[PDB]
Amino acid sequence: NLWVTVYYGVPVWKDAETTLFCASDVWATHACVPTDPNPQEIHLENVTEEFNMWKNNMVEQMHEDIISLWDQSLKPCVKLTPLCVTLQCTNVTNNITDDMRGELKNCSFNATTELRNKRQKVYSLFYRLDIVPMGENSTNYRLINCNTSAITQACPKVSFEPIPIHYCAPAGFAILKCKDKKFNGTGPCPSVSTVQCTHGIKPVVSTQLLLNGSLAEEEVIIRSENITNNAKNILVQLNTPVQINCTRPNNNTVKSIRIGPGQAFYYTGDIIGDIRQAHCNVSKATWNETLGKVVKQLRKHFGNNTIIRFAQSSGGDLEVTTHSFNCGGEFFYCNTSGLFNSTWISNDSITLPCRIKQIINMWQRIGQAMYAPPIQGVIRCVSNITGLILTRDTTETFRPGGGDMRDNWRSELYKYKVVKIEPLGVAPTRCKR
Amino acid sequence: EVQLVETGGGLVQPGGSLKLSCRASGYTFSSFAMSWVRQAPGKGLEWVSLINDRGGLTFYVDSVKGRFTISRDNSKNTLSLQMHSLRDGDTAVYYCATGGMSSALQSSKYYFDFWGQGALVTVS
Amino acid sequence: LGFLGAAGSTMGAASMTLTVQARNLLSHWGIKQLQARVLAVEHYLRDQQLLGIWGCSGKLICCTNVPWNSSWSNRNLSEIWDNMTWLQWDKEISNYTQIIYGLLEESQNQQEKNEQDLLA
Amino acid sequence: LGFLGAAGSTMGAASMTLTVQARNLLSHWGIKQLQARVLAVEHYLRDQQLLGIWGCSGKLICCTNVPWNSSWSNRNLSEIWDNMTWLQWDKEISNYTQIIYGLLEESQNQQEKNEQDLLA
Amino acid sequence: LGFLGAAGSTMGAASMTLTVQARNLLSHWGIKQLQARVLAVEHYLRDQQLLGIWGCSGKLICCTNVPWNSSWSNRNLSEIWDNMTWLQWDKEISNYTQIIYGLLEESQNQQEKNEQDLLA
Ligand SMILES: *[C@@H]1O[C@H](CO)[C@@H](O[C@@H]2O[C@H](CO)[C@@H](O[C@@H]3O[C@H](CO)[C@@H](O)[C@H](O[C@H]4O[C@H](CO)[C@@H](O)[C@H](O)[C@@H]4O)[C@@H]3O)[C@H](O)[C@H]2NC(C)=O)[C@H](O)[C@H]1NC(C)=O
Ligand SMILES: *[C@@H]1O[C@H](CO)[C@@H](O[C@@H]2O[C@H](CO)[C@@H](O)[C@H](O)[C@H]2NC(C)=O)[C@H](O)[C@H]1NC(C)=O
Ligand SMILES: *[C@@H]1O[C@H](CO)[C@@H](O[C@@H]2O[C@H](CO)[C@@H](O)[C@H](O)[C@H]2NC(C)=O)[C@H](O)[C@H]1NC(C)=O
Ligand SMILES: *[C@@H]1O[C@H](CO)[C@@H](O[C@@H]2O[C@H](CO)[C@@H](O)[C@H](O)[C@H]2NC(C)=O)[C@H](O)[C@H]1NC(C)=O
Ligand SMILES: *[C@@H]1O[C@H](CO)[C@@H](O[C@@H]2O[C@H](CO)[C@@H](O)[C@H](O)[C@H]2NC(C)=O)[C@H](O)[C@H]1NC(C)=O
Ligand SMILES: *[C@@H]1O[C@H](CO[C@@H]2O[C@@H](C)[C@@H](O)[C@@H](O)[C@@H]2O)[C@@H](O)[C@H](O)[C@H]1NC(C)=O
Ligand SMILES: *[C@@H]1O[C@H](CO[C@@H]2O[C@@H](C)[C@@H](O)[C@@H](O)[C@@H]2O)[C@@H](O)[C@H](O)[C@H]1NC(C)=O
Ligand SMILES: *[C@@H]1O[C@H](CO[C@@H]2O[C@@H](C)[C@@H](O)[C@@H](O)[C@@H]2O)[C@@H](O)[C@H](O)[C@H]1NC(C)=O
Ligand SMILES: *[C@@H]1O[C@H](CO[C@@H]2O[C@@H](C)[C@@H](O)[C@@H](O)[C@@H]2O)[C@@H](O)[C@H](O)[C@H]1NC(C)=O
Ligand SMILES: *[C@@H]1O[C@H](CO[C@@H]2O[C@@H](C)[C@@H](O)[C@@H](O)[C@@H]2O)[C@@H](O)[C@H](O)[C@H]1NC(C)=O
Ligand SMILES: *[C@@H]1O[C@H](CO[C@@H]2O[C@@H](C)[C@@H](O)[C@@H](O)[C@@H]2O)[C@@H](O)[C@H](O)[C@H]1NC(C)=O
Ligand SMILES: *[C@@H]1O[C@H](CO)[C@@H](O)[C@H](O)[C@H]1NC(C)=O
Ligand SMILES: *[C@@H]1O[C@H](CO)[C@@H](O)[C@H](O)[C@H]1NC(C)=O
Ligand SMILES: *[C@@H]1O[C@H](CO)[C@@H](O)[C@H](O)[C@H]1NC(C)=O
Ligand SMILES: *[C@@H]1O[C@H](CO)[C@@H](O)[C@H](O)[C@H]1NC(C)=O
Ligand SMILES: *[C@@H]1O[C@H](CO)[C@@H](O)[C@H](O)[C@H]1NC(C)=O
Ligand SMILES: *[C@@H]1O[C@H](CO)[C@@H](O)[C@H](O)[C@H]1NC(C)=O
Ligand SMILES: *[C@@H]1O[C@H](CO)[C@@H](O)[C@H](O)[C@H]1NC(C)=O
Ligand SMILES: *[C@@H]1O[C@H](CO)[C@@H](O)[C@H](O)[C@H]1NC(C)=O
Ligand SMILES: *[C@@H]1O[C@H](CO)[C@@H](O)[C@H](O)[C@H]1NC(C)=O
Ligand SMILES: *[C@@H]1O[C@H](CO)[C@@H](O)[C@H](O)[C@H]1NC(C)=O
Ligand SMILES: *[C@@H]1O[C@H](CO)[C@@H](O)[C@H](O)[C@H]1NC(C)=O
Ligand SMILES: *[C@@H]1O[C@H](CO)[C@@H](O)[C@H](O)[C@H]1NC(C)=O
Ligand SMILES: *[C@@H]1O[C@H](CO)[C@@H](O)[C@H](O)[C@H]1NC(C)=O
Ligand SMILES: *[C@@H]1O[C@H](CO)[C@@H](O)[C@H](O)[C@H]1NC(C)=O
Ligand SMILES: *[C@@H]1O[C@H](CO)[C@@H](O)[C@H](O)[C@H]1NC(C)=O
Ligand SMILES: *[C@@H]1O[C@H](CO)[C@@H](O)[C@H](O)[C@H]1NC(C)=O
Ligand SMILES: *[C@@H]1O[C@H](CO)[C@@H](O)[C@H](O)[C@H]1NC(C)=O
Ligand SMILES: *[C@@H]1O[C@H](CO)[C@@H](O)[C@H](O)[C@H]1NC(C)=O
Ligand SMILES: *[C@@H]1O[C@H](CO)[C@@H](O)[C@H](O)[C@H]1NC(C)=O
Ligand SMILES: *[C@@H]1O[C@H](CO)[C@@H](O)[C@H](O)[C@H]1NC(C)=O
């Protein structure tokens, strides 16, 4: 009657977890292959596939690769252990505005030199957040990380610029891309295509406001693992950017010393001119329109005849209650209570005060700390807010979240899935040997 | 309605050549194998030749094997037969027929479903 | 027309693009990439080994001498080869695949011995 | 008579040493050497896959059904097999190669469908 | 019935489990394990290449055109296929193996050139 016929090269695939590799044009390795330009995207006319962000292993690989590469870049850099001494800190002899009182201290200490028997007196300007007083009323302070792990100075030649990385599949595997403009991160996607390699993703690291990501094609999309579970974060993708202008308006003179045999330490020597607080500007009208759109979409998940309230984060350390980001190499911690203070019921700008830290932990880890060299001159950066990370408490109250970096990466990788190709299979025919 | 229409030749001399053709409509031409069946005026039916739906495989009754060529054009919905050396014994009606073979992923046939009107070929 | 372009098409159409997919099966920081390449190669070789065992080496379409017990799938040639896509078919005869592979292996062994005892 | 010993000889002579060359295709510090081994294997497998696609699996000399368009090289047999060396031949038809490979693949796809439609 | 289960059986019995063993040939810390996998692949490929050179590609039992010189083993069939295990046979033709492989290669090359000269 019918016989088994074996076919090889059958267009069938199964979900699979494999290793992806990097393709690009220092956030390189020089081990990323060249992009292999203009990737091809076969449309798969009648393929519907099931996607499930949050269970997507591509996120885990991006997370692990970024952390590993980050740590690798510090391996050859100077260890600042000669600086764990009792710093004698006094008030800065300059014109300080009210917003900056107590923010900077002028600290003197004895540093090591190129020779084992020679010592040098060094003074520098530190941000208050980087030091901890050991004496009660005394001017004796110590660096924040001399009781926990030693601080590594980042190499001054290595930038933190978020250069895009494309993730490519190994032979035998394929990456499927969801093109449904209204896709909410899970479930069937009616329009799926095959990319050889993903688009480049910029590894921008930030907390509560996502910067320089992709925008939604048509409307604000709210994605969450479980929208009624207050233990979950809500990722909101905007369809329009909100432009944010950040500055550190203080002309920084950077000086250096030797602390050992080819080991140099960089520090702020002095400030030219007045001392002002770092800050970021968000256009007021643009921001209010943006929230109105977010609220309209939240009302589709929550009651319609409801009240939506925005509020500032309730607690935790500076790393989780503020908007943390890298602006020109400096690490800013901006207060967003000026953005999330409103209730929505059924040429001005907003200025966000910012704090600066030189000694940071980056990742949510205990045993590592990095010293970011201060940057010469004045810093200005402009970026796009492309999405928000919110958490939820009648009336629904939402607050900024985003402490877990995997959420930043989910906002870009949500449209991709990795599958394994299984070209061998059988079917009945009327053909026999 | 399925139609097969022969638009062939007429009266020819022995040893020469004559070409037949058949136009088809009302079905997907390319989905079916086709054949020619012959009927002399005083005789029954005889199978002459068979061609696969993609045009790759041809079969012939041995009596015409070295003389006839069967072909196909799926763009023009046309079946054709070129006969050479025209034997006197080849005088007959030549019918365009649909069926006689399938393609291993299709249900089998081994019978003819549709017939044309028949071209009359005469050899003097 | 490219890799997996036929994935949404019917089996009777998709079967004509077998070479398109076949040609896309081949080709410490950096170690994980070598590990992936080695495993991709081993996977490839295992598929080739099965085709070898079943007597389908060197071809993309291979007919066999094993019949189709209707208990695996009682659908007729029309429904399989002119409606279903390969993805849907694979999800039907997923449970009854190891059985089929075992039968194909046994059939080829019987064929090899008989052939040898005929060239004797 | 060793590896590439026939490189300076004519095509009609060199063709008798195909096994001499075929057997010499197979066999942090040390990673680069692993990369070389893996790539040598992938290269080998791609050529074997290609012979399989064309229906030349398992053999060093394979005749096909693709005819020689004279536009690729109008030299006659006594000029190709009695004088030219494989190195000079390769240079002469190097840019009409990926046309020939495409034709060989298409020919085999047609050949496979016709044999299945005949085993019915 | 498992891997090498027939190792203690006679050659005429062991020849029926060839697929059992064939399927068990395929599947800084970790470098030596990666090297082992790469080398296992190269070993496998050399054996497959060799079967191809002899014209045995794709089959577990390959008859050839080379005769058995009694000077290699003057035992009869009922003393090789009924009274000996493959392990004991291997340690009897061990120092005539390269001779046989060379003859098999020559036989296949002659057959390939003769087949091509017959397709004209
Ligand atoms: C979101 O995207 C925007 C747009 O890409 C991005 O803003 C860009 O930031 C870079 C880095 O701060 C700016 O590049 C600088 O341009 C000035 C021009 O005067 C140069 O002098 C700078 O060179 C010095 O500093 C470098 C270190 O950054 C050293 O490596 C170099 O040797 C010099 O000492 C440097 O080239 C770029 O101009 C802006 N682009 C715009 C339009 O403003 C923003 O940072 C991204 N946001 C986030 C959070 O990633
Ligand atoms: C930080 O303290 C240092 C001293 O430890 C100040 O440097 C001295 O400034 C006076 C002028 O008031 C000069 O005459 C000295 O020669 C400077 N000493 C050295 C070693 O350079 C420095 O000005 C203070 N800076 C700030 C911002 O308060
Ligand atoms: C840097 O070293 C000098 C020399 O040791 C310190 O000056 C002495 O400090 C001690 C207290 O640590 C006093 O008892 C001495 O009277 C000081 N002598 C002199 C020469 O002034 C200086 O205090 C050290 N600086 C720091 C950061 O403590
Ligand atoms: C962010 O907004 C502030 C206003 O809050 C801008 O500050 C003004 O800058 C002009 C520059 O010509 C000065 O003349 C004004 O006196 C400043 N205003 C105040 C209140 O001091 C700032 O320039 C904006 N731009 C950013 C962050 O890039
Ligand atoms: C951002 O700035 C606001 C002030 O505008 C801070 O809010 C105050 O926090 C204290 C301490 O808990 C309360 O007693 C005040 O009542 C709060 N003020 C208002 C207007 O609500 C807020 O803590 C700052 N947030 C961050 C992350 O720095
Ligand atoms: C056909 O299958 C019949 C049922 O037995 C089994 O269950 C089905 C669902 C399949 O999994 C099959 O492989 C199992 O054997 C058998 O009773 C019958 O003997 C089988 N016939 C043939 C042709 O082998
Ligand atoms: C093929 O069968 C069609 C109806 O399918 C029926 O249900 C499926 C699930 C199978 O069990 C099948 O065997 C059953 O017959 C008919 O509509 C169709 O015309 C049939 N086509 C033919 C005759 O090939
Ligand atoms: C033979 O070649 C003729 C010219 O081929 C053209 O140029 C070569 C280099 C290729 O680019 C080819 O694709 C171009 O068409 C053709 O016009 C002619 O049809 C070919 N004949 C055969 C036998 O197919
Ligand atoms: C083969 O050709 C020799 C000269 O070749 C000529 O030029 C080449 C490029 C071709 O176009 C070829 O056809 C031309 O004839 C002749 O000297 C020789 O006699 C020819 N031999 C044969 C067997 O025809
Ligand atoms: C068989 O082989 C003989 C040559 O082989 C000799 O003996 C074998 C065992 C090896 O030791 C080899 O190195 C020796 O050279 C020939 O005398 C004899 O003619 C051959 N017989 C046949 C049937 O060809
Ligand atoms: C095969 O030979 C068997 C045993 O014969 C003797 O022992 C071998 C090792 C040699 O030394 C030989 O010269 C001796 O005669 C026989 O028992 C057996 O019947 C033979 N079988 C056949 C079918 O020829
Ligand atoms: C420092 O501040 C005082 C007011 O307290 C002001 O009179 C003086 O001019 C300022 N210094 C400079 C250099 O402007
Ligand atoms: C030094 O700064 C502190 C704030 O950290 C302030 O309370 C103190 O009064 C200031 N002392 C002098 C002399 O300016
Ligand atoms: C370092 O000391 C501070 C108090 O100044 C304390 O809060 C912190 O937990 C200590 N860190 C470690 C690793 O003991
Ligand atoms: C996303 O869409 C799917 C459609 O099947 C729905 O089940 C799921 O609840 C939606 N997610 C959210 C956060 O509403
Ligand atoms: C979502 O969260 C609610 C919390 O009450 C829980 O009852 C429900 O089962 C959860 N649903 C899913 C799909 O996780
Ligand atoms: C940011 O700077 C641009 C000029 O580069 C200016 O047009 C825009 O208005 C500024 N945005 C805000 C919020 O001040
Ligand atoms: C934001 O938009 C709403 C709706 O139009 C309006 O009532 C509210 O006053 C606006 N707020 C600001 C600060 O513009
Ligand atoms: C929610 O409110 C919008 C705006 O008035 C309306 O279009 C929509 O139909 C309402 N949905 C429900 C379930 O009431
Ligand atoms: C929120 O706005 C009110 C004015 O309506 C203001 O009094 C209050 O301080 C603001 N809260 C925050 C955290 O900015
Ligand atoms: C800082 O001051 C120096 C004074 O010599 C000047 O040359 C430099 O341009 C200033 N930098 C900025 C960013 O204003
Ligand atoms: C913000 O988005 C606009 C979209 O038109 C783009 O042109 C601009 O370059 C983006 N800004 C940044 C800093 O990437
Ligand atoms: C997708 O389905 C349509 C019928 O709705 C059909 O015409 C088209 O050819 C199918 N696409 C593919 C790749 O088979
Ligand atoms: C598709 O399924 C229908 C219903 O079972 C069947 O009649 C038809 O023959 C199948 N395929 C085709 C188009 O031949
Ligand atoms: C295959 O097995 C699974 C698990 O027992 C079962 O859910 C499914 O219905 C079976 N499918 C078929 C086609 O028998
Ligand atoms: C090299 O060329 C000479 C003629 O000059 C020829 O006799 C010899 O056989 C050629 N060598 C090889 C390896 O073919
Ligand atoms: C070319 O071939 C002819 C015939 O075999 C031979 O006589 C001649 O020497 C050859 N010339 C070259 C350059 O090899
Ligand atoms: C292609 O090859 C021919 C013959 O070797 C040569 O004449 C032509 O210039 C080549 N074209 C290119 C692309 O170099
Ligand atoms: C071992 O030898 C005995 C006869 O003494 C036989 O029955 C048994 O099957 C043999 N076992 C194997 C693995 O060949
Ligand atoms: C080997 O087998 C043969 C045939 O069965 C037999 O005659 C001979 O005695 C056996 N020799 C032994 C026991 O090794
Ligand atoms: C060759 O092998 C045979 C059988 O194992 C053995 O008897 C002979 O001594 C061996 N010869 C050499 C040179 O080892």
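Residues numbered from 1 in each chain as written, not as in the entry; some residues may be left out. Chains lettered and ligands numbered in written order. Part of a larger assembly, values for the part shown. Heavy atoms only, no water.

- The deposited coordinates derive from cryo-EM, with the record listing a resolution of 3.54 Å.

**Structural notes on the interface of chain C and chain A**
Stage number 1. Chain C puts 55 residues into the contact, and the matching count from chain A is 42 residues.
Stage number 2. Interface area, chain C with chain A, both sides summed: about 4500 Å², of which 70% is carbon and sulfur.
Stage number 3. Taken together, the connections running from chain C to chain A amount to two salt bridges.
Stage number 4. Residue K32(C) pairs with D65(A) through a salt bridge whose shortest N-O separation is 2.4 Å.
Stage number 5. Summed over the shared surface of chain C and chain A, the number is 15 residue pairs in polar contact.
Stage number 6. Looking at the side of chain C that touches chain A, the elements with two or more residues in it are helix 1 (11–14), helix 2 (18–22), helix 3 (31–54), strand 1 (61–67), helix 4 (77–82), helix 5 (86–92) and helix 6 (98–119) of chain C.
Stage number 7. Considering each element in turn, the side of chain C that touches chain A owes the most residues, eleven residues, to helix 3 of chain C.
Stage number 8. Of the pairings in the sheet, the one linking strand 1 (residues 3–8) of chain A to strand 1 of chain C comprises four bridges and is antiparallel in character. Across the sheet, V6(A) pairs through a bridge with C62(C), a residue of strand 1 of chain C. (Contact = heavy atoms within 4.5 Å. Buried area = accessible area lost by both parts, 1.4 Å probe. Salt bridge = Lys/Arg side-chain N within 4 Å of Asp/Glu carboxyl O. Polar contact = N/O pair within 3.5 Å; in protein donor to acceptor, adjacent residues only side chain to side chain. Helix = DSSP H or I, 4+ residues; strand = E, 2+ residues; numbered from the N terminus. Pairing = 2+ DSSP bridges.)

**Examining the site of ligand 9**
All names here are of chain D.
Stage number 1. Taken together, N74, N76, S78 and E79 make up the full set of residues adjacent to ligand 9.
Stage number 2. Interatomic distance of 2.4 Å between a side-chain N/O atom of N76 and an oxygen atom of ligand 9.
Stage number 3. Across the complex, the protein chains shield 33% of the 510 Å² of accessible surface that ligand 9 would expose by itself.
Stage number 4. Considering only residue class, the shell around ligand 9 consists of no nonpolar, three polar and one charged. (Near = heavy atom within 4 Å. Areas by Shrake-Rupley, 256 points an atom, 1.4 Å probe, with all protein chains shown as cover. Nonpolar A, V, L, I, M, F, W, Y, C, P; charged D, E, K, R; others polar.)

**Notes on the relation of the copies chain C and chain E**
Stage number 1. Between chain C and chain E, the superposition needs a rotation of 120° and an axial shift of 0.1 Å, giving an RMSD of 0.3 Å. Taken together, the rotation and translation relating the two chain copies correspond to the operation of a three-fold axis. Relative to the rotation axis, the closest C-alpha in chain C is found at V38(C), a distance of 4.0 Å. (Least-squares fit on C-alpha atoms.)

**Concerning the interface of chain C and chain E**
Stage number 1. With 17 residues of chain C at the interface, the matching set in chain E holds 18 residues.
Stage number 2. Across the interface of chain C and chain E, roughly 1800 Å² is buried in total on both sides, 66% from carbon and sulfur atoms.
Stage number 3. When residues of chain C are sorted by the area they lose upon contact with chain E, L45(C), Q49(C) and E112(C) head the list and together hold 29% of the total.
Stage number 4. Summed over the shared surface of chain C and chain E, the result is one salt bridge.
Stage number 5. The residue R23(E) makes a salt bridge to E105(C) at a minimum N-O spacing of 3.9 Å.
Stage number 6. The tally of links from chain C across to chain E stands at three residue pairs in polar contact.
Stage number 7. Looking at the side of chain C that touches chain E, the elements that each hand over two or more residues are helix 3 and helix 6 of chain C.

**Regarding the site of ligand 25**
All names here are of chain C.
Stage number 1. In the region of ligand 25, the neighbouring residues are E92, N95 and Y96.
Stage number 2. One of the side-chain nitrogen or oxygen atoms of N95 is found 2.3 Å away from an oxygen atom of ligand 25.
Stage number 3. The separation between an oxygen atom of ligand 25 and a polar side-chain atom of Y96 is 3.1 Å.
Stage number 4. Protein burial of ligand 25: of its 360 Å² of free accessible surface, 29% is covered by the chains.

**Focus on the sheet that holds strand 13 (residues 166–168) of chain A**
All names here are of chain A.
Stage number 1. Here we have three strands laid out as an open sheet, ordered 4-3-13, and mixed in their pairing. The open sheet has two edge strands, strand 4 (33–34) and strand 13, and neither has a second partner.
Stage number 2. Judged from the two bridges that link them, strand 3 (residues 21–24) and strand 4 form a sheet pairing that is parallel. Note that in strand 4 the partner of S24 across the bridge is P34.

**Re helix 6 (residues 97–119) of chain D**
Turn by turn, an α-helix covers 3.6 residues, leaving residues three or four places apart pointing in a common direction.
Stage number 1. Between its terminal C-alpha atoms helix 6 of chain D stretches 34 Å, which fits the 33 Å expected from 23 residues at 1.5 Å a residue.
Stage number 2. Taken as a whole, helix 6 of chain D has its buried residues at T97(D), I100(D), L104(D), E105(D), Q108(D), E112(D), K113(D), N114(D), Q116(D) and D117(D).
Stage number 3. Those residues of helix 6 of chain D that are buried are in contact with strand 1 and strand 32 (424–429) of chain A, helix 2 and strand 1 of chain C together with helix 3 (31–53) of chain D. (Expected span 1.5 Å × (residues − 1). Buried < 20%, exposed > 50% of the residue type's maximum accessible area, 1.4 Å probe, protein only.)

**Some points on the state of the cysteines**
Stage number 1. For the structure shown, the criterion picks out 13 disulfides over all chains.
Stage number 2. Across a sulfur-sulfur distance of 2.0 Å, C431(A) and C63(C) are joined as a disulfide pair. Across the S-S bond of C431(A) and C63(C) the torsion is about 105°, and the bridge reads as right-handed. Of this pair, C431(A) sits in the segment after strand 32 while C63(C) sits in strand 1, placing the two residues on different chains.
Stage number 3. Distance from the sulfur of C32(A), which forms no disulfide, to the nearest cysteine sulfur (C22(A)) is 3.7 Å.
Stage number 4. On the basis of relative accessible area, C32(A) is assigned to the buried category, the value being 13%.
Stage number 5. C62(E) supplies the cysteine sulfur nearest to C63(E), a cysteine that is in no disulfide, at a spacing of 6.9 Å.
Stage number 6. The partly exposed category is assigned to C63(E), whose relative accessible area is 48%. (Disulfide = S-S within 2.5 Å.)

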